[PDB]
There are 4 protein chains.
Amino acid sequence: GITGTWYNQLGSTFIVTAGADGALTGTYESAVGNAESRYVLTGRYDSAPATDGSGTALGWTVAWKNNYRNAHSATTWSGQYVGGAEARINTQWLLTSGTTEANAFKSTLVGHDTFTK
Amino acid sequence: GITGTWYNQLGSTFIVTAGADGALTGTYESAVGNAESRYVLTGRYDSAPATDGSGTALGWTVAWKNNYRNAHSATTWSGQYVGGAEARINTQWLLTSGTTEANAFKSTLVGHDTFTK
Amino acid sequence: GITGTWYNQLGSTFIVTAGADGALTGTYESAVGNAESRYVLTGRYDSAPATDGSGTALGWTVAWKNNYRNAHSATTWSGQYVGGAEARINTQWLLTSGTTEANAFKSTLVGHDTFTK
Amino acid sequence: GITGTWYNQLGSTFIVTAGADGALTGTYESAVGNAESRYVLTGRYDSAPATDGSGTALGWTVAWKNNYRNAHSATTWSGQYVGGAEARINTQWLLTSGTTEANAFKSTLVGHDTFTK
Ligand SMILES: O=C(O)CCCC[C@@H]1SC[C@@H]2NC(=O)N[C@@H]21
Ligand SMILES: O=C(O)CCCC[C@@H]1SC[C@@H]2NC(=O)N[C@@H]21
Ligand SMILES: O=C(O)CCCC[C@@H]1SC[C@@H]2NC(=O)N[C@@H]21
Ligand SMILES: O=C(O)CCCC[C@H]1SC[C@@H]2NC(=O)N[C@@H]21
């Protein structure tokens with residue numbers, strides 16, 4: 001049940017489609033940051049996970065360039081899909097910015113987002 | 001600039017193609033871990049970077065299931081490309097595994113990879 | 001308002017004293033992992049934070065060895081303290097284990113802990 | 001053999017002292033960022049590590065406030081010590097700034113440092 005619309009604790013919107021070959025496709029809208037409207041994403045996931053009750057591993061990427069603006073940055077979300085009464089996706093993310101060699105030490109932010117429907 | 005074959009410090013081979021629309025397609029082979037042979041990747045990149053000399057931000061994802069085996073895991077690489085005499089892709093990554101909720105605290109590994117020609 | 005007893009979402013107990021010298025001293029009890037009983041901690045914090053409302057930056061370290069056990073690992077917590085009606089300490093952590101360099105790529109877990117009163 | 005002067009790939013200086021009880025004490029100077037001169041550090045380490053050839057786990061913290069300035073920030077380094085002809089300390093670090101509740105998503109940087117003599 002990964003396919004569908006999800007929201008994280010910041011109020012961002014994540015619209016996902018789960019391919020039977022393990023593909024991920026959709027749209028992302030950030031409530032925060034140097035962004036506006038939708039941005040394209042793509043990723044992959046385990047299409048044959050364990051049935052001992054483990055969650056489903058997954059990942060996806062967004063580059064913050066669209067028709068309206070460029071932050072010159074990209075984010076990847078890595079985490080696992082969890083089912084049951086209340087399904088959620090728990091992730092941790094990295095946000096890298098394009099920088100000069102001078103400032104590369106401070107190019108990457110880390111954090112975590114939690115998504116539900 | 002990005003399209004082509006790259007190798008990281010572990011012996012792993014990353015074979016990429018960067019579409020002009022910001023898309024990333026290719027193959028990945030890991031020198032290490034619960035893997036063998038090639039795996040499909042996909043990702044995104046800033047197809048309109050700065051002219052001030054900044055690097056080119058990008059990211060990509062790999063789910064470790066192919067026709068030979070399934071580790072039930074996925075990695076995302078977030079970083080930026082740097083060109084010139086010595087071209088490199090400098091990244092940090094997240095490797096998340098499918099876990100029970102009891103062990104979810106130990107579900108995600110962190111690291112860094114450097115890619116060169 | 002840092003000194004005192006805190007608990008995180010795992011049910012771990014974090015007992016801290018904030019000295020005026022920017023120092024952090026205390027004990028830690030983990031509800032999870034290769035652990036039993038208390039372990040020593042020590043850290044640092046901004047003893048002169050902004051008055052604009054920003055949080056209080058801080059961090060602390062724990063090596064998992066005590067009279068009862070040795071897990072051959074260490075965790076660092078980095079975050080900020082936030083006061084008011086409901087005070088919290090928001091962190092991200094790095095848990096590193098001793099390994100052979102062949103397995104060095106799988107040496108480091110990343111996570112986040114939330115601490116309340 | 002953790003005690004001694006080390007430098008990272010940025011040319012920052014790490015002056016460390018390992019107490020017999022698993023304590024770490026010393027000074028830190030950053031070649032970069034919002035800082036100048038020496039800053040106090042404290043941390044812990046595994047004082048009875050495995051003999052199978054694994055590295056020694058360790059960690060330490062620095063709050064970026066001293067007699068000359070205050071960044072309102074702290075960094076924690078988590079990693080392990082590795083001995084031999086090329087003795088090194090391999091780390092990943094987290095750098096957190098004090099922020100408002102609104103800007104917390106951009107409060108924490110991650111990277112990696114390599115220390116040698
Ligand atoms: O500021 C940028 O460079 C682009 C916007 C970044 C928004 C980030 S991605 C991680 C986090 N989760 C969200 O929903 N928004 C922020
Ligand atoms: O072990 C697994 O479950 C999957 C194999 C992952 C190996 C990792 S991905 C990050 C790092 N870079 C590599 O080239 N290999 C490792
Ligand atoms: O090496 C071990 O197995 C013990 C690690 C302790 C469990 C971790 S430390 C980070 C996180 N926060 C907690 O309260 N527990 C886990
Ligand atoms: O917050 C600041 O502006 C001062 C901190 C300086 C950044 C650091 S800590 C990680 C990295 N390693 C190092 O030696 N210097 C930078």
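Just so it is clear: chains get the letters A, B, ... in the order the sequence lines come, proteins before strands, and each one is counted from 1. Numbering of ligands and ligand atoms starts at 1, following listing order.
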Handout entry: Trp77(B) backbone acceptor or donor facing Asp113(B) side chain under 3.5 Å
Key = no
Handout entry: N/O donor-acceptor pair under 3.5 Å between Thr91(D) side chain and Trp93(D) backbone
Key = no
Contact table, ligand 4 N/O with protein N/O, distance under 3.5 Å:
unit_1, atom_1, unit_2, atom_2, d
ligand 4, 1 (O), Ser73(D), OG, 3.0
ligand 4, 3 (O), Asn34(D), N, 2.6
ligand 4, 12 (N), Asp113(D), OD2, 2.9
ligand 4, 14 (O), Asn8(D), ND2, 3.0
ligand 4, 14 (O), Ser12(D), OG, 2.6
ligand 4, 14 (O), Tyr28(D), OH, 2.5
ligand 4, 15 (N), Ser30(D), OG, 2.6

Practice task
State which residues pass side-chain hydrogen bond (donor to acceptor under 3.5 Å, both in side chains) with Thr100(B); sequence neighbours excluded, sorted by chain then number.
Solution key: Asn103(B)
Problem - Those residues that, when tested against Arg69(D), pass side-chain hydrogen bond (donor to acceptor under 3.5 Å, both in side chains) (two or more places apart) - result: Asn34(D), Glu36(D)
Practice task
Indicate, with yes or no, if the rings of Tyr39(D) and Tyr28(D) have centres closer together than 6.0 Å.
Solution key: no
Handout entry: From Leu95(C) atom CG to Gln92(D) atom CD, the distance as rounded to the nearest 0.5 Å
Key =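 If I round to the nearest 0.5 Å, the distance is 12.5 Å.
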Practice task
Inspect the surroundings of CG in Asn67(D) and state if more than 12 heavy atoms from other residues, nucleotides or ligands are less than 6.0 Å away.
Solution key: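 Counting neighbours around CG of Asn67(D), 12 or fewer heavy atoms of other residues, nucleotides or ligands fall under 6.0 Å, so no.
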Practice task
Begin with the C-alpha distance, continue with both residues' side-chain angles, and end with the deciding distance and a verdict on side-chain contact (heavy atoms from CB on, under 4.5 Å) for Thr13(D) and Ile15(D).
Solution key: CA-CA 6 Å; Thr13(D) 306; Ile15(D) 294 171; 4.0 Å; yes
Fill in the blank from the handout: Per ring-ring contact (aromatic ring centres under 6.0 Å, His included), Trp60(A) is matched among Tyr45(A), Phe14(A), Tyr81(A) by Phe14(A)
Short N or O contacts of ligand 3 with protein, under 3.5 Å, listed by atom name?
unit_1, atom_1, unit_2, atom_2, d
ligand 3, 1 (O), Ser73(C), OG, 2.5
ligand 3, 3 (O), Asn34(C), N, 3.1
ligand 3, 12 (N), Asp113(C), OD2, 2.7
ligand 3, 14 (O), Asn8(C), ND2, 3.1
ligand 3, 14 (O), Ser12(C), OG, 2.7
ligand 3, 14 (O), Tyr28(C), OH, 2.9
ligand 3, 15 (N), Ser30(C), OG, 3.2

